[PDB]
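If you read the protein sequences in the order shown, they are chains B and A. Numbered per the deposited numbering, the first sequence finishes at 525, counting up by one with no gaps. Numbered per the deposited numbering, the second sequence finishes at 1044, counting up by one with no gaps. Worksheet: one structure, shown below.
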Amino acid sequence: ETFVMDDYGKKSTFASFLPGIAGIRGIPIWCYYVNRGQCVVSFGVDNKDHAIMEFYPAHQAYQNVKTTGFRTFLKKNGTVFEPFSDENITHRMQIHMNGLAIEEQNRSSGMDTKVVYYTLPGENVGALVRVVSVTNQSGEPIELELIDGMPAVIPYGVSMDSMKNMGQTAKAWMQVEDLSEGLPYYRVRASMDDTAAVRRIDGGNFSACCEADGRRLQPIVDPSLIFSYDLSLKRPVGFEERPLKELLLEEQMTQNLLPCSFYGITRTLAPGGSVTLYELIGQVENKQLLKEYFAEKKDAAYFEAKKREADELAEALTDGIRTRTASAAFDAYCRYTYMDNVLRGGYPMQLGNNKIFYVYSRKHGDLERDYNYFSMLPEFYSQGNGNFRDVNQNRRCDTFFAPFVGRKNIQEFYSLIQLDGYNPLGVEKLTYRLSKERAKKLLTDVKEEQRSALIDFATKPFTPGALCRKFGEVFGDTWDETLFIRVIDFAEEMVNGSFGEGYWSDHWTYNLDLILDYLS
Amino acid sequence: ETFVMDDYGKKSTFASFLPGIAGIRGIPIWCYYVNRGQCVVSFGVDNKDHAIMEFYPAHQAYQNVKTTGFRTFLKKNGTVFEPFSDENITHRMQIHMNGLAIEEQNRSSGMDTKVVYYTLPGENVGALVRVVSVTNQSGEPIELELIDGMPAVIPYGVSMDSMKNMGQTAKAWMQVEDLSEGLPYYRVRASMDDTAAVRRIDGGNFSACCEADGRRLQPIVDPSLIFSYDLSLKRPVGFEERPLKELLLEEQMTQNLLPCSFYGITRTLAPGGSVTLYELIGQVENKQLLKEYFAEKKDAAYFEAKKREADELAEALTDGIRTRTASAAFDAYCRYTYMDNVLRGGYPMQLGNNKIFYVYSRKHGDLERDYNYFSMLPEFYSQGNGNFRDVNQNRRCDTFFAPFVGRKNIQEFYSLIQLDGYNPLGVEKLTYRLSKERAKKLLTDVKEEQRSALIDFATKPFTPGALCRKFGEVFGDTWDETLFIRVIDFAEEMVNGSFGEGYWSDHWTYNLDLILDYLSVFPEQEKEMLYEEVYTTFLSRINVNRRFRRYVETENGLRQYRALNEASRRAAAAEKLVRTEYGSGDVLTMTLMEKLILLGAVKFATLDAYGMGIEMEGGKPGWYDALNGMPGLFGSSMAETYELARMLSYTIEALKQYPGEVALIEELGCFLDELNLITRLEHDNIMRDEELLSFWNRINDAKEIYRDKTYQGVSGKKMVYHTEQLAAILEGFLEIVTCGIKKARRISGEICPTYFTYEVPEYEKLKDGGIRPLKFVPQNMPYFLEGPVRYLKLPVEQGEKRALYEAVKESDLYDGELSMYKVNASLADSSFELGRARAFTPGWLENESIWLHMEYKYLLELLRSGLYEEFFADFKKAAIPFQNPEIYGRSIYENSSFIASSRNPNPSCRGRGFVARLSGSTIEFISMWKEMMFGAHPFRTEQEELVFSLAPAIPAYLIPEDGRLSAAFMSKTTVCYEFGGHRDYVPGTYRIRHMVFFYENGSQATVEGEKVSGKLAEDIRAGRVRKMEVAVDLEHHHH
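Okay, here's the thing in structure tokens:
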């Protein structure tokens, strides 16, 4: 079910990505990875302009992952080792449908490093979960100083163009907040685009790390503490020269810099012992959401449950094509192909009682499709736009796997045929609107101000995720899901055609396939 | 003369660049360098879209130079060493004015590596020369395999945006050619921008390396041969695993990759022996140029001669400011500052016989000024565009160093003043055009097809470099330079104004400086300068909106958000001059006095409601860019008021000095008469009232009538005035301005203000849609240094100036820890609508930092006002050449835009200059140097004859041990002072015993006195005296 590549650092380069599935009630994120270093080179929330780790094309991703990607430094009795930096050391990569794990077995240092990645599922905060475990495989106790994290966190409000073109000038707006609280908040001081209606920026990237207990560790946000004069981020000169405890007592620069996110522990590991760090990196729209999310302690059990949920998401998504043949690779390929087709074209589901909704779709782009400006919607019931041809083809066999779809795809893709035989290029996200009278009838059992808020929200086009977010905002923490289901049921589905740029001569040729599959 | 930084890899980071001087007949290139690795991080030819090594901002440049910069790998008996990769190894950097050299002395490996950079001078191919020498310093012979070069050469045709955004996809177009020939050609297979007229791409980047013999080495263009699986380019796995000879036999991939450029040699070095590689990396427009350039072998002697030429270029460029004092750092700083000022504003030169051309200028940008899209023209006689303010200031002292310039700058920068008092933002490159008949007359002695080619080329606008390129193309290899000179002489100089983006309120304030410098060098031609009718007028591309139309309603109250009238906008590429008969007649011509009167009238009409500041009605702030939100808050600048008072006083003195008749255009005459009537009516109200709404309304109504009448066109009929009437009118204006200044100082405090912000709580809507303000509430602004700087120029009492100096020194504008002056006080409690300055931390960029330009302006004003002791002390405690390089963070011969002040949150960053060496402080230092060395007025006109005298102001710490201080006078004459003793030589505290003149012809003349007049003075100004020996306060130096 999992693909294992040994010594991937010496193999041919390839680019890939986590599927970005956060569940029906989660916030998906985009995370691209390559087979070099600690393998993760770029991840954000919405698009290239909301990246936490800077987006690079495939060539630059291969060239920079060992520097701008996740780093880990182990100090064993004075000397510093960097896992996943020397390809001559035995390393390994395990690829899941919705996860990624790497290992290194350094016999010289007697320490084993394991890093597990997965997108955080089923939460109102989109984040990447990184679990780092270091095991003392030597026969003697060692005094380990462990530091790991990310050397360049892009503050919220810095666009990709701003980085790539004027990083030096854009450093003037970057800052960090809440170092003492253990939840660093990475955002610009003010809107970098002048002549903006709102000068204040509320959103922010965050990081949080803890051991199995759950108490957050003190962050390191100034890369000069670790790397000192080495701006190339190749060797941690400061970490080598000084103990970790002294580093945590330094006055870190929280302004006029491209901040890092590093956390450290000091431990004496018995022979066979290990230390595990649970690190969360994500983005929120305001500090209130971040405080609400961390109102409950996130211990090791929480992260293990979230990892199991992340695996089960892909498992249940691909269970519709489960196959057992003479080739295990064939079955794994079947499941993976179904998941990729879902990512490109969406996964049908019954939203309410009389609606068909396609979830997990997104306008795709990756390190190799660098020309595409991808945009994955950061909300519940996530969905995205798509080209006519791609969405038309990817939904060819939806009726076979989801009989409740019926003729919806045929109607959708023949209603887009213009009178002259051509069609719009773009297929918009599913949006819904509720009429005034029906909305008033539905909201009779609601409090007056809440009724008014839902009236003004639901009479304009909205997505189901936006509606659920509004429900949460206007009801606090507990409400009635049946109200949401009823609003969806009695809402009206908008038309979802956007012209685009031109008229291709082949788009109409894929509708007969939909007709034939439905007739099959 | 050179700055040496040891172990620069461990020092604080700084960004810099080679000046990009290729000579008058060379192709300049841009090359930026940092103090990490092999130090060179980006270089190309024209702009960021024609880079050979990818351009990075300063942060990315620091982070990537050790990887994407030049690399060198030494294999000594099997093991591989990489010089300039470990900071613990002793390394060194030497910085020249037009060169860069780095060294590494690895005792462990016993090998010394030396790399020398310099731009290739005096060739029709722009390239970077890189010389790498490895010396075997061990006591035993070693078998050395050397590989060096660049791991990522950007192929020609790949834009910077293409790289940064879609490098992976753009790799599909990249390819290399001519590997066997030894001249790899890096270009795209076809135009990457689809729907292009020409699919084929002819230009290409190239590299070529050779030993001292000159035979080109076999290149390595596939980085996978050297680095193997390591795409991070950190360690050369392939080079370690295999010998160099086997690598050169591999089949290199020349397509679908980002190619490298590496060359290798295998050698057995005797103890003390060395191997040198001469590597050329550049760009050409076609393979024919590359083949022609390499038609002759380039041996070691060629590269040594080119390096000497590159050094001599900067040497001869800066020889005009050569100085010998007690501080060698001071002299090096003088030369470097002059070179930087030339880079920013251009170097004057005599092109032909009757033309003045500015060479080496360019629209500047660097690793720290990453927002600027720089563009250096890749041709002979290189030049570039520039902003009005920067070019205006940088040419302040051109007449002193280049007397042949004369009044050209004054005419150029007053002809750019529009009828409404504003000006275009951009100053275009000098272009020339030749008429049909003159071109036919010139080309009579030319072959028919060559004559036709030159006719069709020269009848359209061209630059001198383009003309020389065309001459070369159409004549082969040999031709007649006199033909080029004659075509330049008989060509017509085009108008060089480009509108830009907006109207700043301070651009006009720098022209009086040009006038004053010209009068300092040629004092006897003031009347001729004033009454010379050669001043044209730029045609406005957009008109300032009426005040009732500039005001809009917002949530926070009334705002000024519609300064420009978009309905009146005209075509950018159209007629550029105001023509008589409402745009149908001849080009309107005006005298300098008319321009001064127009500026005075318009700026007086631009007073604010309280009659204190000059409104930023143009939609742009003053000299302070980071306050872009000030015009929206009804901002007014007191600095413009001080400059207006100074200009009015100068015009009054000029009118009284040379009485006669002055002709003003009819519209300006009517406007001036209306303003005079308004002042006579409102004088009583101005003297007693606090708010002056009625005066403001009448003034703005007259100004709007004049602006809207002149914008549509001017007939050209001129009214005639006596100098007495204009003197009375401008004296009334100056009296009102002086009362406004007094009121502002009264309501501000112990320090004169700089800006005023007004809030309008009561306004009335109009039927036509405009909004009429009814009450202005002034808001105090934080103290800025520019206020006192402009104020010190006014003719006020000396005691008041000293009191202002003390108040500034004891205020928040003075950084006690750094002993420097900050650009502004704290902005913390000010409004957040002011602009970018509110989004910056204190002590960073233009926010409460030591902005070097304004600090040098303040020091210059202290020097000019006679505060000699204070000027000496503050100059010693604040000048760049006297800084500590450990704290300053870069070479003390180079300037910076700002120094992080004591309020900067980073203790390490305090006292450290950050942005590159092209600040505006260069011209300020040049003015200070000239004032100190020769006094305010070296030439004076007494009894209608030229009189020459020297009044130096030299502090004790500049006088050498022997007491002989020398400086260059007008870039040709050497003045060798000799001082009796070590002390501060304040003017009036000494006397010139005698001066001795050494003529160029060898004859000597000695004058026993302090002043000369007549023939001696004329010879001094004409450059016919080689050297002057001046004895100060004594016959000889006495310890």
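Where a beta carbon is used, it is the ideal one built from N, C-alpha and C, also for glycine.
Proximity to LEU294 of chain B across B:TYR67, B:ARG474 and B:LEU517 peaks at B:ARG474, based on C-alpha coordinates.
At a cut-off of 4 residues, the continuous stretches assigned as alpha helix (DSSP H) that sit fully inside the segment 191-263 of chain B are 228-232, 242-246 and 249-253. Distance between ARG272 of chain A and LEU149 of chain A, taken at the CA atoms: about 5 Å. Look at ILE26 of chain A here: in three-state DSSP terms it is coil, with no helix or strand label.
By the neighbour-count criterion, in which a residue is buried when 16 or more other Cβ atoms sit within 10 angstroms of its Cβ, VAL50 of chain A is buried.
A contact is defined here as three or more CB-CB pairs under 8 Å, and the segment 524-533 of chain A fails this definition with respect to the segment 450-462 of chain A. By a beta-carbon distance limit of 8 Å, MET98 of chain B contacts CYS44 of chain B. Their separation comes to about 7 Å. At a Cβ-Cβ threshold of 8 Å, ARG945 of chain A and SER932 of chain A do not count as neighbours. For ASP153 of chain A, the enclosing beta strand (DSSP E) starts and ends at 147-155. Note: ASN111 of chain A is bridge-paired with A:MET116 in the DSSP secondary-structure output.
Annotated as distal: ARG443 of chain A and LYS465 of chain A, with beta-carbon spacing of 8 Å or more. Around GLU373 of chain A, the beta-carbon contacts reaching into chain B at under 7 Å are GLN173. Contact between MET938 of chain A and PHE761 of chain A fails: their C-beta atoms lie close to 39 Å from each other, not under 8 Å.
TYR376 of chain B has a beta carbon lying within less than 8 Å of a beta carbon in chain A. By the CB criterion at 8 Å, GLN68 of chain B and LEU238 of chain A fall inside the cutoff.
The Cβ atoms of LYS360 of chain A and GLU498 of chain A sit closer than 8 Å to each other. The beta-carbon of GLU891 of chain A is placed no less than 8 Å from the nearest beta-carbon of chain B. Ranked by how close their Cα comes to the Cα of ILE286 of chain A, the residues A:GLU533, A:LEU459, A:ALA157 and A:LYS81 have A:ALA157 in first place.
Looking at the backbone, the Cα of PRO429 of chain A and that of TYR13 of chain A are separated by about 43 Å. One alpha carbon belongs to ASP1024 of chain A, the other to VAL1030 of chain A, and they sit about 7 Å apart. Just measuring C-alpha positions, the residue of B:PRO62, B:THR77 and B:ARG247 sitting nearest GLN173 of chain A is B:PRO62.
An exposed status is given to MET692 of chain A, since fewer than 16 other beta-carbon atoms sit within 10 Å of its beta-carbon. For the pair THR541 of chain A and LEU582 of chain A, the CB atoms are nearer than the 8 Å cut-off. Per DSSP, reduced to three states, the secondary structure at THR73 of chain A is helical. In the three-state reduction of the DSSP assignment, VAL828 of chain A falls in the coil class, being assigned neither a helical nor a strand state. Contact annotation: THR118 of chain B and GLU109 of chain B have beta-carbon atoms nearer than 8 Å. Counting C-beta atoms within 10 angstroms of its own C-beta, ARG329 of chain B has fewer than 16 neighbours from the protein chains shown and is therefore classed as exposed. In the three-state scheme derived from DSSP, where H, G and I count as helix and E and B as strand, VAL492 of chain B is classed as helix. Think of a sphere of 8 Å around the beta carbon of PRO62 of chain A: the chain B residues whose beta carbon falls inside it are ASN170, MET171, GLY172, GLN173 and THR174, in chain order. For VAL813 of chain A, the uninterrupted alpha helix (DSSP H) run begins and ends at 803-814, by DSSP. Around the beta carbon of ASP967 of chain A, a 10 Å sphere encloses fewer than 16 other beta carbons of the protein chains shown; the residue is thus reported as exposed. The beta-carbon of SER237 of chain B is placed less than 8 Å from the nearest beta-carbon of chain A. Of all C-beta pairs linking the segment 71-78 of chain A to the segment 180-200 of chain B, fewer than three are shorter than 8 Å, placing the two stretches out of contact. Considered as a whole, the segment 827-892 of chain A harbours 857-869 and 873-883 as its complete alpha helix (DSSP H) runs of no fewer than 4 residues, in chain order.
Taking a cut-off of 8 Å on C-beta distances, the segment 307-319 of chain A touches the segment 111-125 of chain A, as three or more cross pairs fall below it.
A residue is called buried when at least 16 other Cβ atoms come within 10 angstroms of its Cβ; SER457 of chain B does not meet this threshold and is exposed.
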